[PDB]
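Below is one structure, written out as C-alpha cells; the observations come after it.
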Amino acid sequence: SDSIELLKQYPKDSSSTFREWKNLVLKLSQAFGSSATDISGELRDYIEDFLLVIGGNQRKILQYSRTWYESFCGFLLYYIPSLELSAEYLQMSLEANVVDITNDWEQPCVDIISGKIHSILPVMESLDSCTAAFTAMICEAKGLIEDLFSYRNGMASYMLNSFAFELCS
Amino acid sequence: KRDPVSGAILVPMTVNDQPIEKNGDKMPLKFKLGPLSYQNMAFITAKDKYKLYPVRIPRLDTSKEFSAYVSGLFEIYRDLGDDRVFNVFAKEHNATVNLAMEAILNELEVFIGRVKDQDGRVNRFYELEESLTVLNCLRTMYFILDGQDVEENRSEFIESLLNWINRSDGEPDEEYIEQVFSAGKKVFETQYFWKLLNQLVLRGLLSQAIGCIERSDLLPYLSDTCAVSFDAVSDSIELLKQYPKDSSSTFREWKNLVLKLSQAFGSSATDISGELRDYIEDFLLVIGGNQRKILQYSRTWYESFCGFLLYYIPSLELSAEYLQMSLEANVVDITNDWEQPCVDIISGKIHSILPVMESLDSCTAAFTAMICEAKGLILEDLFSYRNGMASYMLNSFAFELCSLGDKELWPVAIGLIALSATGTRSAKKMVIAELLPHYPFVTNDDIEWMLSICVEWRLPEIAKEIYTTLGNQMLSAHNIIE
Amino acid sequence: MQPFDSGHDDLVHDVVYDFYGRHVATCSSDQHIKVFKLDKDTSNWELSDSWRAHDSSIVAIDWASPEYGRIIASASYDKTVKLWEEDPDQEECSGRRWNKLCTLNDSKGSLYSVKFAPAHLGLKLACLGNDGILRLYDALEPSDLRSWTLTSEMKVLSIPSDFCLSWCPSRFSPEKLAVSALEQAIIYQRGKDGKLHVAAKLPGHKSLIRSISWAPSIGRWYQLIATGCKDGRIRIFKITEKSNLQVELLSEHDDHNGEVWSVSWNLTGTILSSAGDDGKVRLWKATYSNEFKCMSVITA
C-alpha cells in the first residue's frame, strides 16, 4: 500500500525530490525485506522483486525487462539518472535481450546512445530522405559529426544536396 | 587458457595437490585475500584437510619487466604537462600528444619484447600482443592525421595501417602458402591461388604478392599462350613493385596507370582460358579499387577495410562506409579479442574498448584510456563515475599498485592519484592518508619520502605514527649502554 | 604456489594475515594457535611458533594495528577470549613466544568470532558468543596492555547456529559494526550518547550467514559489506549515510551452487573473494555502474 502510494508521487520535476524518493523506497524494501511473512513464500518474492525494481536493483531491472530499451529506461528511472553510465546501461541491456530487426528504429537508437551517430543517417534516408537530410544537418550543428556533391564536404552537407536535387524533380 | 561454467577464466590452485575431488563430496572451503597480491591464502575446515594453500591472484604480473613498464608509462604521463586534459594551441597540442602515443605504443613493444624472451610465450604474452594490436589500430585512426586525409602524411599513415593489419594475426602464415603449391588445373587456374594472391594484395603484402605470381605462369604459360595476357600481367607486377607510400600525388598517378592498364586489358582480345581471363581482371579490378571486388576477395572484414584505403579512396571520411561494407561481407570474429574493439575504434565509439583492454592488462588499458581522453576521444567520491571514466581506470590502477608490494611503484601509485585532474584537493588528501599506512617501508630513504608526503599533503597524523616507529627502534637501540 | 602442513592435529578454523601481510595466524580444534612467517629470500612459509592457547576448540583470530604492538587475539568454545603479546626476545617453535595479556571470562556461552575494531577508534575489540550477546572490550589505557574494560554489552537475539562480525575500516566515517547471527545481519553504530544502537539490517538471507566483512571505503563515502550465505549466494550491499542509513542491494550471485563459506576483501576494497562447497574461489571486481562481475576463478 505504501508502494502504490509512493508510486503515485514519483519525482518528475525536482532532482532532490528523487533522492528523497529513492530514499524512502529503499527504507521500505528494507523493512519488508527483514520482517515476517504470512503470505505465500512465492508471492513474497514477486513483491520483493517489484520493490527491488522500484529501487533500481540493476540485477532485477534486467531480469524483468522484455526488451533492451526497457531495461535501459528503468536504469535511468530507478537507479542512477546519469547519462554517464549511458554506455554501461546499454551493454547490460543488449546483453540481456538482443536488438530486434523487425523494427527499424531500434538499431539507430542503440547507435545514438552508443555515440556513433553518423550510422543512423543512412537508415533515416530509406524512411524519408527529407527528415534524414535535416536530421543530419542539425546533428552537425550540435557537433555530433569542384565536387560540391562529394564526400570531402560533410556527409551532412551531402545529404542536403541529395534532397535539394531530388526536389527539382 | 580455460573458461568455466560461471563465465570468466579458470585456474587450478595447485599442479600436484588438488584437495577437493569427486562431485557430491562438498567441504567448507575458506579463502582470504592478502595485503599482498601475490600472497593470499586458501584453506579448508575439515578433518584430514590441514594444509594451508597460498594463492596468487590469477594473471598477476610481478615481472621486473612490468614494474619497468609501469615506470615508463608514468613518465610519459607526468611529462604531458597540463596537456593530459582537453578543455571542453589548436595544432601544437595534438602533435605533442600523438608523440606520447608513439612513446606509449613503444614502451609496450619493449615490454612485449623482454616478455617473449624471459618466459617464451606464456598467457601474459599474447594478451599484450593483442593489447598492442588494438593500440596500433587506435593510433592509425586518430593519432596520425590530426585533421586532414591520407594526404597530410601518406608516408606515416599507410605505414601504421599496414603495420596494424599485419601486427594482428600471423596469417597468411608461411605454412599455408606451400600447400597452395602442391588436378587437371595448374597452380594458377584454381581460385585457391588467386583468393590468396588477392589477399596478399589487400593486406599490402606486395613483396610476396609478386613472389606468388613468379612461382608459375608469369614468364611461363602466359608468355607462351596470350600476347596481351603476358603483358597486362607483367606491367602489373611491375606497377606493384612501386606502390606509392610517400607521395600523395604519386598515388593519383599510380591509380591512374593501373586504371589505364585494366581498361586496356579489359577491351582487348584474349587467347587464354575464358576462366583465367576473369581471375586476371579481378586481380586488376582489385588493384584498381573496385569496391565490388575488394569485398568479394576479402576473407575477413579488416581485410576489405584496408584494401578500400589502399586501392580506392584514401580518406578516413568514408571510414564509416568502408566498415559497413566490410562487416556486411564477413562478420566480426569472437575468437580474437582485438576485433570488436577495433570495429569500435573505427566506428567511433571508443569508450567501449577500455573495458576489454582491462581484462587483458589493467595497466595498458588504464593508460590507453588516459591518453584517449587527452586526444579528446571521451561528491566525495574520487573513485566515482562523476570524474572522467579515464580517471576511473587510472585510480583503479593506482590502487592495484598498492597491493603489489613493489615499494618502487608506490610513488607511481600515489602521484598518479594526485595528478588525476578530476577530484577535490581534499578528495585525494583522504585516499592518500588511507593508502599510506600500508606503504611497505624499509630504508631511511623510503621513510624520508613518506614524510615528504606528510608535508605536501599535510597528514599530521600519519606523521606522528611514523615518529612512533622510530620510537620502537630507538628503544631497542637504548639496549646498548655497552 | 605450494601448500604446507599447518601442523594442526585437528581441523583448522581461521587464518589471519597481520597488517603487512607477512605473517598468518592459524587456529584449529587442536586447541593450538600457530603463527607462520613469510621468508623474504625464499618464497616459502615456515612456522614461527605453535602453542596451546585454549582448552577447547579455537575458532577465530585477528591481529591488532602494529601501532599498538604485536597483539594476536583469539576466541574459543571454552566460552572465553584470550590476548597474546608477542615476545621479541624469545625463541621460535618454543612455546614461550606469546603471553596471555589477559582473559575475558564474561561470555557465559561458547564464543564464535572476535575482531579488533579499526585503529582510529583505539585498541578495542568485539566478540560474539552463542548466548547472542555482543561484548566490546578495550584497554582504556594503551600503556598497560593487560587490563581491558567492558565498554558495551548488547544482546542480539535468541538461541534455539553460526555467527561472525566485521567493523567498518574507514577512518573517516562514524564508528559502526556489522554483526550477523544466523539468518540475520544487523548493523550497529555509535550514538551521540556513546552507547550502541541498531542503525540498519541487511535483508535478503534465506539461511545462516557463514561470513560477512566490511570493505575499505577508500576514495568513497558509500560503504560496502559482503555476505556469504548458507543458501549459496553472495550479496553485496551499498550502505550510504545521509535513523539515517540507506541499505541497497547491489549484486547477488549463485555462481557457487553450494554454500558461500568465506567472503573476503582486498586491502583497498577493489577485489572481493568468495569460497564455497564447489571448492572454487571466485574473485569479483566492480563495474563503472557498480554491479559486480567475476574476474577469475580458482579450483581443486
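Residue numbers (our numbering), protein chains in the order written: chain A, 7 to 175; chain B, 21 to 502; chain C, 781 to 1080.
The beta carbon of each residue, even a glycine, is placed where N, CA and C say it ideally should be.
Buried/exposed call for residue i, threshold 16 Cβ in 10 Å
i, result
"B/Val253", "buried"
"B/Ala110", "exposed"
"B/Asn218", "buried"
"C/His793", "buried"
"C/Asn885", "exposed"
"B/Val306", "buried"
"B/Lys261", "exposed"
"C/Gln1003", "buried"
"C/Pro949", "buried"
"C/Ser923", "exposed"
"B/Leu471", "exposed"
"residue 14 of chain B", "There is simply no residue 14 of chain B to check, as chain B begins at 21 and stops at 502 in what is shown."
"C/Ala965", "buried"
Residue i, DSSP secondary structure in three states
i, result
"B/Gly167", "coil"
"C/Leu920", "coil"
"B/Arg141", "coil"
"B/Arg134", "helix"
"C/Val1027", "strand"
"B/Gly368", "coil"
"B/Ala28", "coil"
"A/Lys66", "helix"
"C/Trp843", "coil"
"C/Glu963", "coil"
"B/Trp184", "helix"
"C/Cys948", "coil"
"B/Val108", "coil"
"A/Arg50", "helix"
Under 9 Å by beta carbon: chain A residues contacting residue i
i, result
"C/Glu826", "Per Cβ cutoff of 9 Å: no residues; C/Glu826 is ~45 Å from chain A at best."
"C/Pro983", "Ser35, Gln36, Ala37, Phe38, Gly39, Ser40, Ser41, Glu54"
Contacts that residue i makes with chain A (C-beta to C-beta distance below 8 Å)
i, result
"C/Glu866", "Chain A residues near C/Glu866: none, gap ~42 Å exceeds 8 Å."
Per-residue contacts from residue i into chain B (C-beta, under 8 Å)
i, result
"A/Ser125", "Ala340, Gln344, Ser367"
"C/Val1061", "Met33, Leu49, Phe51, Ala62, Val75"
Within chain B, partners of residue i - CB distance below 7 Å
i, result
"A/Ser21", "Ordered by position in chain B, no residue passes the 7 Å Cβ test against A/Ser21, which lies about 13 Å from the chain."
"C/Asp842", "Per Cβ cutoff of 7 Å: no residues; C/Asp842 is ~12 Å from chain B at best."
"C/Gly1056", "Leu49"
Amino acids of chain B, ordered along the chain, whose beta-carbon sits closer than 9 Å to that of residue i
i, result
"A/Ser88", "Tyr405, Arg406"
Partners in chain C for residue i, counting only beta-carbon separations shorter than 8 Å
i, result
"B/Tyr73", "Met781, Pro783"
The ligand ADP heavy atom lying under 6 Å from the CB of residue i
i, result
"B/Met377", "Judged by which ligands are present, the structure shown has none, so any question about the ligand ADP falls away."
Segment contact, 8 Å Cβ cut-off, at least three pairs: the region 42-52 of chain B with the region 1037-1056 of chain C: yes
Note to self: To be precise: take each residue of the region 90-119 of chain A, compare its Cβ to all Cβ atoms of chain B, and keep it if any distance is under 7 Å. Which residues remain?
What the structure shows: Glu90, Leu91, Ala93
- Query: Quick one: any contact between the region 65-75 of chain A and the region 327-345 of chain B, if contact means 3 or more CB pairs under 8 Å?
  - Reply: no
Next item on the list: Please determine if the region 181-190 of chain B and the region 271-284 of chain B are in contact, where contact requires at least 3 C-beta pairs separated by less than 8 Å.
Entry: no
*asked:* Using a Cβ distance threshold of 8 Å, determine whether the region 71-86 of chain A contacts the region 97-111 of chain A, with at least three qualifying pairs required.
replied: yes
Q. At a cut of 8 Å, does the region 62-72 of chain B reach the region 782-791 of chain C through at least three beta carbon pairs?
A. yes
For the region 1028-1039 of chain C, which residues have a beta carbon sitting closer than 8 Å to at least one beta carbon of chain A?
-> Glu1028, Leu1029, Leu1030, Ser1031, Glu1032
query: Relative to chain C, which residues along the region 48-62 of chain A have a C-beta separation below 9 Å, given in chain order?
result: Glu54, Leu58, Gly61, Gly62
To be precise: take each residue of the region 1065-1078 of chain C, compare its Cβ to all Cβ atoms of chain A, and keep it if any distance is under 7 Å. Which residues remain? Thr1067, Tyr1068, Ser1069, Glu1071
Margin query: Does the structure place the region 1021-1035 of chain C close enough to the region 28-47 of chain A that three or more beta carbon pairs sit under 8 Å?
Written below: yes
Compile a chain-ordered list of the residues in the region 786-804 of chain C whose CB is closer than 9 Å to at least one CB of chain B.
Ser786, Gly787, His788, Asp789, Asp790, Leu791, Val792, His793, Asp794, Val795, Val796, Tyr797, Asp798, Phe799, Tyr800, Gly801, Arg802, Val804
* Asked: Relative to chain A, which residues along the region 965-980 of chain C have a C-beta separation below 8 Å, given in chain order?
  -> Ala980
Which residues, in chain order, does the region 28-43 of chain A contribute to contact with chain C at a C-beta distance below 9 Å?
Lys28, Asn29, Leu32, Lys33, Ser35, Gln36, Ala37, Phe38, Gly39, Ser40, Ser41
Three or more C-beta pairs closer than 8 Å, one from the region 1013-1025 of chain C and one from the region 974-982 of chain C: is that the case here?
yes
What residues in the region 981-1005 of chain C bring their beta carbon closer than 9 Å to a beta carbon of chain B?
-> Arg990, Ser991, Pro996, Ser997, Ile998, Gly999, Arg1000, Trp1001, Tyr1002
Discussion item. Using 8 Å as the cut-off, can you tell me whether the region 167-177 of chain B makes contact with the region 196-216 of chain B, which would need three or more C-beta pairs spanning the two stretches below that distance?
Written reply: no
Handout entry: Segment contact flag, the region 868-879 of chain C with the region 929-948 of chain C, C-beta cutoff 8 Å, min 3 pairs
Key = no
- prompt: Are the region 129-143 of chain B and the region 410-423 of chain B touching, with three or more C-beta to C-beta distances below 8 Å?
  reply: no
>> Three Cβ pairs or more, each shorter than 8 Å: is that satisfied between the region 289-300 of chain B and the region 233-252 of chain B?
In response: yes
Point to revise | Inter-stretch contact at 8 Å, needing at least 3 Cβ pairs: the region 855-869 of chain C / the region 879-893 of chain C | key: yes
Check whether the region 819-836 of chain C and the region 104-121 of chain B touch, using three or more Cβ-Cβ pairs below 8 Å as the test. no
What residues in the region 843-854 of chain C have a beta carbon less than 7 Å from any beta carbon of chain B?
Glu847
Exercise. Taking a Cβ distance cut-off of 8 Å, strictly less, list which residues of the region 932-945 of chain C are near chain B, in chain order.
Key: none
The region 474-493 of chain B: positions lying closer than 8 Å to chain C by Cβ: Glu485, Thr488
If the cut-off is 8 Å on Cβ atoms, which residues from the region 903-927 of chain C count as contacting chain B, listed in chain order? none
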